[PDB]
């Protein structure tokens, strides 16, 4: 378990910024939201839910050579690039994405789910 | 027939520049060389045999997109470009070439031989 201390809490259901709150996390789920067990101190930060990007293509990235690298590159090279792409996406603040095309992405999803 | 009047004649067999000469051409072959019938006046020009380029590739020309245009272009497009390539080569002064690779070149040779 862990107790997260947000300084300001954004209510997505309404769209308003509330006051200080304390989040109680256990077994990967939120159990309690009390206004005002390890402690994570985020009293200086605005505390938000994770973002979702509904249109991504994690198996490619456009470049000046994009059209040529469809007859030379194999899916394993795309898989090796997708590791860094996915880490960058997660570090940017997006904890969920909807991939809208590509054959490497289901394998990447299975690999991420397995740790 | 035709009588060509060179001002100066280059002797390829020896490698020296001779004096004025008159060439007699009939049936596509040289018949008579006389030092000093239509007349072609080239008394102001140095009169040389046609050149031969022993290493050409008339079916292609390098460009920034050369490597990509091997999965998009068909041989007919290369054939359409080879017409201008061959005309430019002939106008540059080269009446004979040795093509050292490519599948369009035998067809271009057959087309040129047929007129």
Can residue B:110 be described as farther than 11 Å from residue B:57 by Cβ, part of a loop (DSSP other than H, G, I, E, B) and out of contact with any helix residue (DSSP H, G or I) (no Cβ under 7 Å at 6 or more places or on another chain)? no
Checked A:105, A:60, A:66, A:14 against criteria (more than 14 Å from the chain's Cα centre (by Cα), surrounded by fewer than 11 Cβ atoms within 10 Å (Cβ to Cβ) and under 30 Å from residue B:68 (Cα atoms)); the one match is A:66
A careful count of residues in the range B:27-39 that are closer than 23 Å to residue B:90 by Cβ and more than 19 Å from the chain's Cα centre (by Cα) gives 1
* To do: With the condition kept exactly as written, say whether any residue in the range A:72-86 is under 30 Å from residue A:7 (Cβ atoms) and more than 14 Å from chain B (Cβ to nearest Cβ).
  => yes
Regarding the range A:61-71, can at least one residue be identified that is more than 30 Å from residue B:72 (Cα to Cα) and more than 14 Å from chain B (Cβ to nearest Cβ)? no
The one condition residue A:55 fails out of (1) more than 13 Å from the chain's Cα centre (by Cα); (2) closer than 30 Å to residue B:69 by Cβ; (3) more than 14 Å from chain B (Cβ to nearest Cβ) is (2)
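Rule-based calculations on the coordinates, nothing more; no lab input. Reconstructed Cβ throughout: ideal geometry from the backbone, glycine too, with neighbour counts over all protein chains shown.
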